[PDB]
């Protein structure tokens, strides 16, 4: 048995919106410390890592560890049948090939109950090992999104150059080229051990920025020749972290 | 000769949005007492019945009774050329193969005239006879629409079960199942009300209920009426004018 | 060498929205007095004429007179990467095949630089000679846009009839016919309808092309229509303190 109640159910709505465009199917690892999900996209270019701590739920019971295999597209569809003000409860039995999602309306008079079929996934999960990065940029999440959106009209790749003054994003294609230059000050903050220059697929960054509604800020972490880390904090619950292999 | 000026024209915009997705062509029955329209959809699963009383109009003249045959798609397109605050007047002359719609802007300086061609339809109109129902549910129209919309992502059919505490809507398909449970509001401030002679359980096509909820902008509330083995009635009041009523045959094997 | 800074960069955003749906590529004629662009659509039905005076810019430098060939579609796409509150600067170096667009954000911490490739166009520009028109109508730009939009659901052509009382727009097609009748206003000057009639006129024009013109609507509260028998309609939007955007449309036969 597993039972997690979340009063701010919107959070879970946004989490699913943020994932289903990158991943069709993933394993939800439940345990006593909370919910963890970790998965590559189907092109093996990126990895996504989700953490929701048990203590961020309003109540949380997990008696045994569970690897629930979930169609994220299905789950997101069910979560659309939830009001943005609904109270959301997830419930699974020990054996079970189904996950129950229960939506309680603010007015108390409406309760919806969805039983979602699970699926069997063989995800022996590996991850990116923890490390310290040459460059770490903290900035408004909406600003980052607009940058990735703008440049994706110019080319399919973005070169990210981090010096000390600031950081520069540039792209190039059929219709010319563009670059966007950000300086240290809603604040923009930069922590530079050493300069770095990397090239990434904009297609994948625009998937990541679907997490924008979860957080005011976003953190980009870079070193030479290793995956970019794009991280959104989910306040008082955990984080959503995306890793993107550099282009060659 | 026929002339009706409306209490407010948006109402007629909403009526036509509410119909054109269900019916292509219908008869508008005009008389002294007002406007009546009654029609099955083309798959003969449902019936729609519209009543607009003369006394709900601002002025209303009908010297002879008319069955005006209307392309509802066309009429809805013309009504899109009307502002939501426009005053709307329908007009038909004695020898009418055309219906005139006249839109007067609030500022008085813009007047539009549209002449829509009619057609001859041989609608010998049958209807559901009046009756009392085992179950009658009154609820916010928007809540009902959201229910039908939500469940239509789960399956193509909804089982509606009415007991006394409350009413339950459920569906089932590829991706699992769902149900939605509604209770009576005792302590109102948006109320949900239930009148149960005897319990009932029926199954209906969601595709058709989602056509009906296109009437939602007409009314804050909606009334569902049920008995065993007979059409669901879904009714929106058009307050002080009349009503839009849908009937939906139950599903079987 | 050419450099024009515009604090209200939104203006330029709207100008390009207003053009790219009618013209793929055009010549920007730069000089000391400002920016002039003049071009036919590719079906040679209409002409568009843009004027932006140097004095309307916040700073403006043009050392020599220049015909820059621009993909308007490209330029509009780049201008979408500009915030609606950004400061916008255009820059062409001496002898360059590229136009630089530079966007400065209100917060000062973001600066974007886009370099657009230019192209060589052989536009020996012809224009409509200046004249006085039998009929001149000034009216709210949004009202005009709604008229063209409404009537384009009835037919592909609009007959415009100007008498003295007022002006009438009408159309006709499959689903019937429609006409819209506007009178002079005896609140504002940004809600008034004004008519100057030397002599009555009646012309017929393609609605498809009027609905391209009304993409300029966000530039101006008002629009001016100028007509005489057998000559192009002129539809004009003032760009306040800067210039104008003018569209000409050949009459239908």
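Chains as they are written, first to last, in our numbering: chain A, 1 to 248; chain B, 249 to 501; chain C, 502 to 754. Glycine included, every Cβ here is placed at the ideal spot set by N, Cα and C.
Who are residue i's beta bridge partners in DSSP?
i: residue 293(B); result: None; residue 293(B) has no bridge partner.
i: residue 111(A); result: 104(A) and 429(B)
i: residue 176(A); result: 173(A)
i: residue 188(A); result: Residue 188(A) pairs with nothing; no bridge assigned.
i: residue 251(B); result: 309(B) and 339(B)
i: residue 448(B); result: 410(B)
i: residue 29(A); result: 36(A) and 67(A)
i: residue 80(A); result: Its beta-bridge partners do not exist; DSSP assigns none.
i: residue 490(B); result: 300(B) and 486(B)
Starting from the Cα of residue i, find the closest Cα among the options and give me that residue.
i: residue 479(B); options: 379(B), 259(B) and 430(B); result: 379(B)
i: residue 465(B); options: 374(B), 284(B), 315(B) and 392(B); result: 392(B)
i: residue 709(C); options: 678(C), 651(C) and 740(C); result: 651(C)
i: residue 702(C); options: 662(C), 669(C), 677(C) and 690(C); result: 662(C)
i: residue 91(A); options: 85(A), 84(A), 109(A) and 117(A); result: 117(A)
i: residue 210(A); options: 2(A), 16(A) and 10(A); result: 16(A)
i: residue 638(C); options: 738(C), 523(C) and 515(C); result: 738(C)
i: residue 751(C); options: 740(C), 722(C), 728(C) and 741(C); result: 728(C)
i: residue 216(A); options: 186(A), 57(A) and 34(A); result: 186(A)
i: residue 499(B); options: 257(B), 293(B), 256(B) and 268(B); result: 293(B)
i: residue 537(C); options: 707(C), 730(C) and 626(C); result: 626(C)
i: residue 301(B); options: 501(B), 486(B) and 493(B); result: 486(B)
i: residue 165(A); options: 184(A), 13(A) and 175(A); result: 184(A)
i: residue 94(A); options: 51(A), 31(A) and 111(A); result: 31(A)
i: residue 522(C); options: 508(C), 510(C) and 543(C); result: 543(C)
i: residue 198(A); options: 123(A), 163(A) and 208(A); result: 163(A)
i: residue 172(A); options: 556(C), 508(C), 579(C) and 746(C); result: 579(C)
i: residue 367(B); options: 712(C), 677(C) and 699(C); result: 677(C)
i: residue 4(A); options: 55(A), 84(A) and 239(A); result: 55(A)
i: residue 562(C); options: 551(C), 535(C) and 552(C); result: 535(C)
State the DSSP-derived secondary structure class of residue i, mapped to helix, strand or coil.
i: residue 303(B); result: helix
i: residue 133(A); result: coil
i: residue 414(B); result: strand
i: residue 365(B); result: strand
i: residue 247(A); result: coil
i: residue 152(A); result: helix
i: residue 717(C); result: helix
i: residue 15(A); result: helix
i: residue 393(B); result: helix
i: residue 203(A); result: helix
i: residue 434(B); result: coil
i: residue 374(B); result: coil
i: residue 74(A); result: helix
i: residue 221(A); result: strand
i: residue 37(A); result: strand
i: residue 270(B); result: coil
i: residue 662(C); result: strand
Classify residue i as buried or exposed, calling it buried when 16 or more other Cβ atoms lie within 10 Å of its own Cβ.
i: residue 563(B); result: With chain B running from 249 to 501 in the structure shown, residue 563(B) is simply not present.
i: residue 71(A); result: buried
i: residue 80(A); result: exposed
i: residue 641(C); result: buried
i: residue 322(B); result: buried
i: residue 725(C); result: buried
i: residue 400(B); result: buried
i: residue 569(C); result: buried
i: residue 696(C); result: buried
i: residue 436(B); result: exposed
i: residue 687(C); result: exposed
i: residue 363(B); result: buried
i: residue 476(B); result: exposed
i: residue 689(C); result: exposed
Taking 8 Å as the cut-off, decide whether the C-beta atoms of residue i and residue j are in contact.
i: residue 668(C); j: residue 683(C); result: yes
i: residue 88(A); j: residue 96(A); result: no
i: residue 539(C); j: residue 656(C); result: no
i: residue 743(C); j: residue 524(C); result: no
i: residue 113(A); j: residue 105(A); result: no
i: residue 295(B); j: residue 495(B); result: yes
i: residue 249(B); j: residue 306(B); result: no
i: residue 357(B); j: residue 694(C); result: yes
i: residue 746(C); j: residue 567(C); result: no
i: residue 445(B); j: residue 382(B); result: yes
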